[PDB]
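# Descriptive analysis of the structure
Residue-level listing of the chains:
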Amino acid sequence: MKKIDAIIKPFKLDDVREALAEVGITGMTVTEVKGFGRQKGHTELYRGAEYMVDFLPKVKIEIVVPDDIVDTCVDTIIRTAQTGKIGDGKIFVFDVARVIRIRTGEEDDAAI
Amino acid sequence: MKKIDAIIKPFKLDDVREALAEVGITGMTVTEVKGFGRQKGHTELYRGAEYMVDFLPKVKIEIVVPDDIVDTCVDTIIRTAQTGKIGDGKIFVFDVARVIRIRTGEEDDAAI
Amino acid sequence: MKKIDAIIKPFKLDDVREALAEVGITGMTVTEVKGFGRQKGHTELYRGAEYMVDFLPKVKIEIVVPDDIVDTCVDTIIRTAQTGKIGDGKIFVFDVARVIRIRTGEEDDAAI
């Protein structure tokens, strides 16, 4: 299994959530984060500001999934979250060593 | 060392926080997230809704710990956070490559 | 590439954000978390409390970066976020398997 961390623009969330619902995905956790850098009209991180803020609110999605379906998920996320403009974000895939369902105390083969 | 990411039901947090306090754990960070899918009365993710929301607020706990004690922590979390009902969540263990204490600039053996 | 997760004291954020801006870093996501344990005047996690809270609000920064520059980032973070007091936090570096830019559907060599 692999973990996917996609930090997308907050308004794509539904289109993405729905698209993954179609590809057989169940279970998703969304974190609201502060995005820094890579924004329209700007070409500077930090910037100082004083009265202005330097962040663009973002949405981080997290999902662990089998290796086989990894490419469907990334291919689908890129499809539903991409605008072709600055600020689209990235997808990072990490390797999970173990995954246990709390309700049963039962583990999943982290190698599938 | 290994990292444990448990997304539990928000009301189990204390029972878990306390139980890990007993097993020698120090240091924990809690993130409040939006949980999607696997909920009572529902059998659909996304769902559309319109006026209804589709998420159940969750609590994500994060802790890095030695390999030896990994199983005590998961065994303890399952014990304190499990309700035997739908929505209990999962525990994911990841491998940490490096861990540095900011205060000293001192590193820990990430292989213990 | 490697992922850096630094949970610092919330007031160091700017000094850190700026320092990384100088070292060539672009892109950062900040999550506001609840920090548990390791606090001045306290020597107990959980504590029970009743009317008191047991957490200290923290700031989690996340950045994926090339392997070569990993040590500049950790060395810089320790420099800008360290107070030499209790509660400074840690930096954890994880290995990223894949990183895709959503806007182009283009991947980066996760091995650099």
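Higher on the page you've got the structure.
The rules we used
Residues numbered from 1 in each chain as written, not as in the entry; some residues may be left out. Chains lettered and ligands numbered in written order. Heavy atoms only, no water. Least-squares fit on C-alpha atoms. Contact = heavy atoms within 4.5 Å. Buried area = accessible area lost by both parts, 1.4 Å probe. Salt bridge = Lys/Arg side-chain N within 4 Å of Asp/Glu carboxyl O. Polar contact = N/O pair within 3.5 Å; in protein donor to acceptor, adjacent residues only side chain to side chain. Helix = DSSP H or I, 4+ residues; strand = E, 2+ residues; numbered from the N terminus. Nonpolar A, V, L, I, M, F, W, Y, C, P; charged D, E, K, R; others polar. Buried < 20%, exposed > 50% of the residue type's maximum accessible area, 1.4 Å probe, protein only.

Its rotation angle being 120°, the transformation that places chain B on chain C also includes 0.0 Å of axial translation and leaves an RMSD of 0.0 Å. As the rotation angle and translation indicate, the two copies are arranged about a three-fold axis. Of the residues that chain B buries at the interface, just 7% are likewise interface residues in chain C, meaning the two copies contact each other through different surfaces.

This part covers the interface of chain B and chain C. With 27 residues of chain B at the contact, the number on the chain C side is 30 residues. Where chain B abuts chain C, roughly 2600 Å² becomes buried across the two surfaces, and 61% of that area is made up of carbon and sulfur atoms. Where chain B meets chain C, there are three salt bridges. For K60 of chain C, the salt bridge is made with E62 of chain B, and the minimal N-O distance between the two is 3.4 Å. At the junction of chain B and chain C, the tally comes to 13 residue pairs in polar contact. For the side of chain B that touches chain C, the elements supplying multiple residues, two or more each, are α1 (13-22), β2 (28-36), β3 (55-65) and β5 (98-101) of chain B. Broken down by element, the side of chain B that touches chain C gets its largest block of residues, five residues, from β2 of chain B. A per-class count over the side of chain B that touches chain C returns nine nonpolar, six polar and twelve charged.

Attention now goes to unusual backbone geometry. Residues and elements named next belong to chain A. If you check the backbone angles, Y46 has positive phi at about 70° while not being a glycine. By the element assignment, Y46 lies in the loop between β2 (28-36) and β3 (55-65). Residue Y46 is classed as partly exposed on the basis of its relative accessible area, which comes to 22%.

Interpretation note: all reported values are geometric properties and have no functional meaning in isolation.
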